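Enquirer: Supplied in structure tokens, the structure appears directly below.
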Amino acid sequence: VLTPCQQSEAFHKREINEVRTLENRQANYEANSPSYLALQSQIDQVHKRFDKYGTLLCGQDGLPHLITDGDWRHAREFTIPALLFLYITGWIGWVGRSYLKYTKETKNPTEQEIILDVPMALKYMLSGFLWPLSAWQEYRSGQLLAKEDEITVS
Amino acid sequence: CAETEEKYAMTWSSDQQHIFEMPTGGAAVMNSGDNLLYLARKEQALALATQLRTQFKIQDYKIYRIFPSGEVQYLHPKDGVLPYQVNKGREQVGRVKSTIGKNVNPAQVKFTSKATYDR
Amino acid sequence: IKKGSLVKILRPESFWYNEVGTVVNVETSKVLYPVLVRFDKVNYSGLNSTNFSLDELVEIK
Amino acid sequence: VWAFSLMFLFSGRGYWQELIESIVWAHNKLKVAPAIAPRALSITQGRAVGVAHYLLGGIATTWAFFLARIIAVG
Amino acid sequence: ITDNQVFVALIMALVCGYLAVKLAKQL
Amino acid sequence: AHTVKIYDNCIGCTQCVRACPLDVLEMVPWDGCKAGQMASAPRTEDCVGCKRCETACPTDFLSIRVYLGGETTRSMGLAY
Amino acid sequence: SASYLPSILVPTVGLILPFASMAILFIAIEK
Amino acid sequence: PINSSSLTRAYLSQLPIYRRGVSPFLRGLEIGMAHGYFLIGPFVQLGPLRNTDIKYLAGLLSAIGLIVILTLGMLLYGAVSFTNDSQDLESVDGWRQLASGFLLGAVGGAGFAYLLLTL
Amino acid sequence: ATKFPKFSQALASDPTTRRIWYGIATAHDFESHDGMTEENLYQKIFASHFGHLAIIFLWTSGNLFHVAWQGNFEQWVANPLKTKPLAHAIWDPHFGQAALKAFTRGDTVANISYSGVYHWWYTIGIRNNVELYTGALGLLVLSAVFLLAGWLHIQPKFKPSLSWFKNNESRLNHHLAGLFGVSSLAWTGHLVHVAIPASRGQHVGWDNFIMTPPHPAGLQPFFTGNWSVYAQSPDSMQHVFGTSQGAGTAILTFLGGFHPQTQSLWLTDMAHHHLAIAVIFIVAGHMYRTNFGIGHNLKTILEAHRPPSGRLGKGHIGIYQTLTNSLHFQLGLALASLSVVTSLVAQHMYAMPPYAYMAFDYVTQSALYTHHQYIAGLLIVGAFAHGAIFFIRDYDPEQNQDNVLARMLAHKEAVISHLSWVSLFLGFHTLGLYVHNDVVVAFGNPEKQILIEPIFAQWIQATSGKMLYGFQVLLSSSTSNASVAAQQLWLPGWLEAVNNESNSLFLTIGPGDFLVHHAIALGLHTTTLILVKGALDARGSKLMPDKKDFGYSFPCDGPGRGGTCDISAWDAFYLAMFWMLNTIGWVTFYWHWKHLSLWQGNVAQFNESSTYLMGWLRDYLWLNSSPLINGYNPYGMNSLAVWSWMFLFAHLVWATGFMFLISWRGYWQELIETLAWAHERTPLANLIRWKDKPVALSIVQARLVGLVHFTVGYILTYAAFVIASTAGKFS
Ligand code: CLA
Ligand code: CLA
Ligand code: CLA
Ligand code: CLA
Ligand code: CLA
Ligand code: CLA
Ligand SMILES: CC1=C(/C=C/C(C)=C/C=C/C(C)=C/C=C/C=C(C)/C=C/C=C(C)/C=C/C2=C(C)CCCC2(C)C)C(C)(C)CCC1
Ligand SMILES: CC1=C(/C=C/C(C)=C/C=C/C(C)=C/C=C/C=C(C)/C=C/C=C(C)/C=C/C2=C(C)CCCC2(C)C)C(C)(C)CCC1
Ligand SMILES: CC1=C(C/C=C(\C)CCC[C@H](C)CCC[C@H](C)CCCC(C)C)C(=O)c2ccccc2C1=O
């Protein structure tokens, strides 16, 4: 059963064990060593690390699990970086497709791919920002796809 | 060996004592006037023909295929002219009417002693 | 038909099968494959320059 | 990396070339045909890279094994 | 666990061996 | 023997015969191409089958297609 | 339980059967 | 060419095959007379029964255990190859008498080595 | 004919040693011989099937004979938990003294039998060695019967017609009714008459079964449909298996769940089970027409399934021709269905362990699983390989004019593009997540791991009633439709088996389920990428579309057109064997490291240390090879020295594979020439000259023998490790 992670026992056992275990090296230095300040910053980055995983679900393992159902209580877990990611490589993919359908109609398409025309490249890098309703409106013209390309025997 | 395998004795002439490379390996003496040369297999012999012919003139050359019964053969040339050059004596064997695109499917050839292209 | 015409192929063992290509030379001396067609892209032999017959000569407009 | 060399050593470009060309269908359908034509590797590259991964992975295994062995004690 | 049943078994697979070599030199 | 067949795509550019280091291939005058030539493979008893011809065959797809058939002494290329 | 039969059958199948089977198969290359 | 000298030929020429005329039972009996004395050796010191008093008998039984495989392969080699009946070593009958000579001379060499592990 | 290959003269002409290796490897390719026609093929395979089944029953009579004669079977029946079950005895003349004291289990020094055969013969109800002798004779008889049929149907008066083999119309009617329905119904005739009373104490041999009915009243007042009498008195709780005490007498009770004591399925459940499956298969046998003509013509059954939507070609017009007149399509479906059956069997021998005191011997349950899984993957790879043999040497695209298969070859670019897509998605998202968890765990932090709960399998376990999750759906919720719908019949006896944790039914689940099951789907979609690639580009690719002409397993196309290493349809088998061993590797590694965490008890050792790769290599391979690799010391040895010697052995096999896979021919083809010069030139041995000429192995053979040492080394290494590991942590 996925307990809420802020109250799970083995979670806070890992809190005591890692703050104490990393803290064992912190007594190897004086009060004004640069390493001692670095492990001050590291202990801060462990208490923040465990307070910022409060609303997750760590089960009996004491390790924060995830949920990928789109439950809308786990939306910040999976689906918000899911839609975020699909926007980012939809950006990248529409940039690359748009640049290849640029260099397909140029003088010499071979030299276009070694030496990227950074004018027209950085045109398409930035212009491919709104690929759902630009790739979709280039799909409604019947132009994202193709037909009767290369194939083997049958 | 020579008592059961077809030795290939390559006979040719030259003009000056040059030095070529054996297919067995290393440099050979290359008698200037006329010299025969026993070998082991045909690719060595025509590889030597490429070894000398692409460098310079070594024409009037052909291996007499010593088959172990005792006598010879003669292949390169037969009509006396170089093979990629065109002579009006050679009868072409080994063709079909079209590309591979009209060759028969091997389920039409299955359980028959035919080829996938004869039709 | 003519030189410079943009021609799709209909032979399945052409590497450029169902891809258009430009006509370079046509001989009218009953050669079985007279229509020399080269292409933008390149087969595995490194060579765009091939030739075809007349049944595999489908142009575009 | 050691285990990843074996993919290059055992197979050859007569597989990968029309595996790749079967992917080139999926680029020609979406007009993402790369203008430099995507061949597979050649044969000598497709075995030279199996050497250069077999040795990088194989040597870095004994590297990490050795330095993690003797640093942990000596 | 007994003795003669083992001999009965090796006789029956000797017969089975003759039927195996009887299948062998005909196919 | 390794059956060499030479189809009607053979436009007679003769990189095949120059590419064969065995002289199984010769050129035959054949009035069906622009050069008037079409290659022939009469002496396939010496044919190794190394497919060095098919590398240097600049037709559409392989006018000369080598089918790997019999394996004699000469067609296996063993020295001894 | 005849406790003596593997002392006969294990060697005569383990070593001498791949002697006469080498003779039958290997001469059966030429027969 | 080299390692083909007259000392090479004078050593090889009087070996128990290349010598001119010996009956094949004796021609193989010389081979077994050497090898049967030989193969007792690497079973006495290094064999598994070097710990009991069967140090010397295990060389006999193990070595003849090799010799039956050796003559068995001799009969396979003369059985498959050497088909003609020119009655010498290149025959069937002369090769199987060469093998029988190797067997009887080999077992005799085994008994000679066994009776010379006494002293 | 006259040479070595007494069947094809194209290889007898070759004076090299090719005639030996291709004479061996084409001995069974009956479709490509010299003069073996259509009738002469089927009349050969119909005899060799008899020879094969004779080898199966000689094998099972072998197991019956060694368990009957050298095992400790009835001594094991006396104490099933304590005594380790013996396999056949040993006669090594190589065991000096110290190994002879490492095997003494009784007077014999026999191997411990890690094959679960005493459990199956103990649920059958064999409680003797005598019944095993009568069974072993009873299968020497059957093996002699099948060999006599194999001689019989090759005698010329009895070699049947090809139309009899094309009576496909009636083989299904006879197999599904007879071979399945009658043999399964007779198998209830063994369970009801033997496995019910001999598990309830009553030793009922061949002498007294025609006098003592399994029910105290039976079959004269029982064509009346009063069938609750046969399922009236179930063996409820307080029973130890085999004994007569604490047991009822009902025949066909469907309890559901396990025994409480032996953790096995009830034999009343199995008797009712194969009885139901018997009736349904007999109903399936009455399917197609015959000489009587009441059923279904198969030509009408396929052609009528054409959609008016028009999307799915011109229907199945042609498929009935290209299953009868073809064979590798029929063999492809045969190995396909058998392969799914084997993987299913492995997915139920551990899950619902059928046999008494299994899940108690922790090695035979781990040997049967990995056994049927590697056999399962082998048989899928065979189904696809005869897929490619079907598309090359058996496919006619003119009887298949725009058929469903021609439609399959048409759009095959999309199929290979999408198997390559889903494979490329999983391989960046198991290796992405495992290298993430391994990096993150490596930096002193198991918490920053990506762990995703596999919610879907947990939800399906909630649909089968595993209440340890908190979903409360159809069977985990006691107030649903289905939970009430079988409230008396088989549910409450089964949710004890579900909600228990020690048993191996619906295992408890962490994110190792998630990450590994993505790695398994990675293995499947990669392996079918190879197989569907070299089974649909088997016929023609755009590198070379002549691939139909060169047969199946031609070597290459030479260096032309870029280079052509392994273009053939034999690369689908060749590469998908490595991916098959990889995938069944990951399956059985995963299963084995799951049940080593259950049986030891620390499932928290799994769930915390299996989502990163050093959890596997540390916590499983390094720790669990400790009783393996200590199999013999400079201090001495023990019983696992055979499995550690086999372990190192199989690393040597697995690495002699790489000499053939990596280092290809022409090295050795120009090195055997040096050896042949060295033997032709030496004195005293140039007399002994070869007949078959020494020639390095051609690269159809080279990649094969490297593949074979790869499999033999792989599978013998892992069968060494499963048995040495679980035999070392227990027993
Ligand atoms: C122009 C950019 C571009 C686009 C739009 C696509 C799109 C696609 N590829 Mg892909 N691909 C690309 C580049 C691209 N590819 C490159 C450079 C390679 C060589 C590494 C591949 C190798 C590849 C394989 C091997 C496969 C695909 C497949 C696919 C399809 C499924 C999506 C997927 O998983 O992608 C796969 C994505 C990758 C393998 C990694 C992304 C590749 C690079 C890193 C990003 C591309 C950005 C590009 C370089 C930007 C250049 C332009 C800019 C400078 C102006 C999809 C149509 C699959 C398919 O057929 O499915 C139907 C498939 O199996 N691709
Ligand atoms: C598969 C069956 C098989 C069998 C039954 C044996 C049996 C034996 N091996 Mg052996 N071996 C085998 C396979 C087999 N091997 C294989 C496959 C290999 C290669 C991996 C080897 C490699 C091997 C080595 C390297 C050695 C043995 C030795 C021995 C002997 C053990 C010494 C001992 O304590 O016994 C007590 C032994 C005896 C009382 C002597 C019996 C010797 C023979 C059998 C009797 C006499 C033979 C007779 C004169 C010839 C008649 C025909 C013959 C074929 C029977 C024993 C007879 C050792 C040996 O040489 O033994 C002396 C030894 O050093 N074996
Ligand atoms: C009713 C009559 C009948 C019966 C009983 C059989 C029986 C058989 N025929 Mg047959 N046949 C018949 C009529 C019949 N035939 C007719 C009328 C024709 C002509 C039209 C043919 C034509 C024919 C051909 C052409 C061939 C056969 C073959 C066979 C054999 C099948 C191979 C095998 O062992 O699979 C047995 C399979 C099973 C018992 C079941 C396997 C699948 C189940 C679902 C999985 C396992 C069950 C269970 C879970 C596991 C228990 C195992 C245990 C370890 C727990 C089998 C003996 C083949 C053969 O061997 O030739 C000699 C063959 O090639 N038959
Ligand atoms: C019921 C199962 C079944 C049946 C009947 C067949 C039947 C057939 N297969 Mg086959 N196949 C199967 C399963 C099956 N297969 C499976 C499961 C696979 C995947 C592994 C394959 C993969 C496969 C390939 C790749 C090919 C065939 C081919 C063939 C045909 C000829 C077979 C031949 O000549 O072999 C001859 C017999 C042998 C070579 C002996 C087998 C020895 C193998 C290679 C290694 C076993 C040695 C062993 C491991 C060493 C023991 C040592 C120990 C320590 C382990 C024949 C129709 C061939 C074909 O049709 O085209 C020519 C072909 O190329 N099959
Ligand atoms: C460690 C061994 C290993 C690995 C990782 C792979 C991985 C893969 N094989 Mg494979 N293979 C192997 C051994 C291996 N194989 C062996 C031994 C054989 C027998 C020769 C095969 C035979 C084989 C065939 C026949 C096929 C594959 C295919 C594939 C791909 C499946 C798609 C996928 O999951 O992509 C996910 C991608 C990965 C898992 C790549 C790893 C991630 C890398 C390391 C990250 C990128 C680089 C990284 C930033 C480091 C930079 C390096 C630095 C120098 C800068 C995948 C790349 C198939 C394919 O092409 O599918 C599309 C295919 O058809 N394999
Ligand atoms: C492709 C590989 C290949 C294959 C299949 C063969 C196959 C064959 N060779 Mg051959 N050979 C090969 C490569 C190959 N060779 C190479 C590379 C060379 C070097 C140039 C030779 C040199 C050669 C010679 C010189 C001869 C053969 C012969 C033969 C034939 C008989 C087998 C034999 O003599 O071995 C038997 C095995 C050995 C010789 C191995 C000896 C070492 C063993 C392990 C030590 C003995 C241990 C022990 C006593 C074994 C007993 C137990 C055992 C019998 C069960 C057989 C057809 C013979 C022939 O043609 O006769 C008709 C023959 O005279 N071969
Ligand atoms: C180191 C060296 C060497 C080597 C060595 C060797 C090689 C040795 C050998 C030796 C030997 C190896 C010897 C032998 C011996 C033998 C003898 C001396 C003989 C005798 C005889 C016999 C053996 C007989 C037999 C028999 C019998 C007994 C009975 C009857 C039969 C018979 C007759 C058979 C040398 C010198 C080279 C050089 C220097 C150094
Ligand atoms: C190449 C080729 C091939 C292939 C091979 C194979 C291998 C195949 C595949 C196949 C397979 C391998 C199979 C699989 C199957 C699938 C399935 C089978 C799925 C589905 C599922 C299901 C069915 C389930 C569900 C369920 C559940 C879960 C419970 C409830 C109810 C039900 C039952 C619904 C063939 C011969 C065809 C053709 C020719 C060529
Ligand atoms: C996988 C494999 C390939 C395929 C390898 C492919 C072709 C190369 C994949 C890596 C290249 C570098 C991808 C190209 C991507 C570019 C780097 C652009 C990406 C954008 C940034 C990363 C710069 C072979 O060509 C091959 C050849 C011979 C034997 C075995 C094999 C073989 O196993």
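Easy rule for this one: first residue shown is 1, then count along the chain.
This entry, so its header tells us, was determined using electron microscopy, 3.8 Å.
Cβ coordinates come from backbone N, Cα and C, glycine included.
Swiss-Prot lists these features:
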- F:1-30: domain '4Fe-4S ferredoxin-type 1' (DOMAIN)
- F:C10, F:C13, F:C16, F:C57: [4Fe-4S] cluster 1 binding site (BINDING)
- F:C20, F:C47, F:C50, F:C53: [4Fe-4S] cluster 2 binding site (BINDING)
- F:38-67: domain '4Fe-4S ferredoxin-type 2' (DOMAIN)
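Each of these features: where is it, how hidden is it, and who are its neighbours?
Expert: Counting only same-chain residues 6+ beyond the ends of the domain '4Fe-4S ferredoxin-type 1' (F:1-30), those with a CB under 8 A from a CB of the stretch are 36-49, 52-53, 55-70, 72, 75.
DSSP gives F:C16 ([4Fe-4S] cluster 1 binding site) a helix state.
Around F:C47 ([4Fe-4S] cluster 2 binding site), the same-chain residues at least 6 positions away in sequence with a Cβ under 8 Å from its Cβ are F:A1, F:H2, F:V4, F:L22, F:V24, F:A41, F:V66, F:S75.
Per-class residue totals from DSSP over the domain '4Fe-4S ferredoxin-type 2' (F:38-67), listed helix then strand then coil: 4 helix, 7 strand, 19 coil.
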Enquirer: Whole-number Å distance between the CA of F:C13 ([4Fe-4S] cluster 1 binding site) and the CA of F:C50 ([4Fe-4S] cluster 2 binding site)?
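Expert: About 20 Å separates the two Cα atoms.
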Enquirer: Would you mind listing, in sequence order, the residues at least six apart from F:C20 ([4Fe-4S] cluster 2 binding site) in the same chain with a Cβ closer than 8 Å to its Cβ?
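Expert: Within the chain, F:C20 ([4Fe-4S] cluster 2 binding site) has Cβ neighbours under 8 Å at F:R52, F:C53.
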Enquirer: Tell me the Cα distance separating F:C50 ([4Fe-4S] cluster 2 binding site) from F:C57 ([4Fe-4S] cluster 1 binding site), rounded to the nearest angstrom.
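Expert: About 14 Å separates the two Cα atoms.
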Enquirer: Quick check: with F:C10, F:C13, F:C16, F:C57 left out, which same-chain residues have Cβ atoms within 8 Å of the centroid of the [4Fe-4S] cluster 1 site Cβ atoms?
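Expert: After dropping the recorded site residues, what remains is F:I6, F:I11, F:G12, F:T14, F:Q15, F:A39, F:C53, F:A56, F:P58, F:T59, F:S63, F:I64.
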Enquirer: Take the C-alpha atoms of F:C16 ([4Fe-4S] cluster 1 binding site) and F:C50 ([4Fe-4S] cluster 2 binding site) and report the distance between them in angstrom, rounded.
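Expert: Answer for this pair: 12 Å between alpha carbons.
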Enquirer: How many other Cβ atoms are found within 10 Å of the Cβ atom of F:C10 ([4Fe-4S] cluster 1 binding site), counting all protein chains shown?
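Expert: A count of 27.
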Enquirer: Measuring Cα to Cα, tell me the gap between F:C10 ([4Fe-4S] cluster 1 binding site) and F:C50 ([4Fe-4S] cluster 2 binding site) in whole angstrom.
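Expert: Cα to Cα, F:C10 ([4Fe-4S] cluster 1 binding site) and F:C50 ([4Fe-4S] cluster 2 binding site) are separated by 19 Å.
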Enquirer: Taking the Cβ of F:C50 ([4Fe-4S] cluster 2 binding site) as the centre, count every other Cβ atom within 10 Å, in any protein chain shown.
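Expert: I get 17 for this one.
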Enquirer: How would DSSP class F:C10 ([4Fe-4S] cluster 1 binding site) in three states?
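Expert: Coil, per DSSP.
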Enquirer: Fewest neighbouring Cβ atoms within 10 Å: which of the binding-site residues F:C13, F:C16, F:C53, F:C57?
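Expert: Among the binding-site residues F:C13, F:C16, F:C53, F:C57, the lowest count of other Cβ atoms within 10 Å belongs to F:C13.
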